[PDB]
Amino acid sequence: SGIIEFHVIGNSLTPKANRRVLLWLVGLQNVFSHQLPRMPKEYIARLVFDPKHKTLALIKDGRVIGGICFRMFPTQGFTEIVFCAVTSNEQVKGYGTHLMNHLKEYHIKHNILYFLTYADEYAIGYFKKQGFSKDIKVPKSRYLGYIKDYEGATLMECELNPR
């Protein structure tokens, strides 16, 4: 290795089957908790280990340095971005953007062209740089009760251009 690697991981049924992945999931849980201090740790753990959620992990030298936890809604035509974070010492180097670009490529391949997410006010600018907007095109009837709403957050959407 010696270089960064992208891995789409998660818990398919039980996290005890693959210990390498389990270690990465715990690593993600910790990174998410550390960079998302206002989010209950038990809450982060619950979602990161939920079989319906996947996490695109950014690993360098076997260690998790960032990731995006998401949930795919193929029939609804979109994916919910649940957690997004890069460990502090690795931030401001381009990894956060690198992670989102990789996630976009993955979804273009699965033919899902919309991301929905609830952004904390002080993170809005990050999403805007990644092409997200406060203008929502996915109908409310399509996401209400599907995506989780948060306190004081702003719903934002990213329309992916397959090119």
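So that there is no doubt, residue numbering starts at 1 and follows the sequence shown. Take the two forms, superpose them, and find the largest set of C-alpha atoms that agree within 1.5 Å; that set is the rigid core.
Two stretches, 21-29 and 143-151, are weighed by how far their CA atoms sit from the shown form in 5 other deposited structures of this protein after rigid core superposition; the farther one is 143-151. When the other compared entries with both flanking residues are checked, residue 14 is unmodelled in at least a third. Between 90-98 and 36-44, the higher mean Cα B-factor belongs to 36-44. Higher mean CA temperature factor, per the PDB entry, when comparing 55-63 with 122-130: 55-63. Comparing the C-alpha B-factors of 153, 22, 144, 9 in the entry, the top value falls on 153. Ranked by Cα temperature factor within the chain, residue 117 sits in the lowest third according to the deposited record.
Residue 31 sits in the middle third of its chain by CA B factor, as recorded in the PDB entry.
Sorting the modelled residues of the chain by their CA temperature factor places residue 136 in the highest third.
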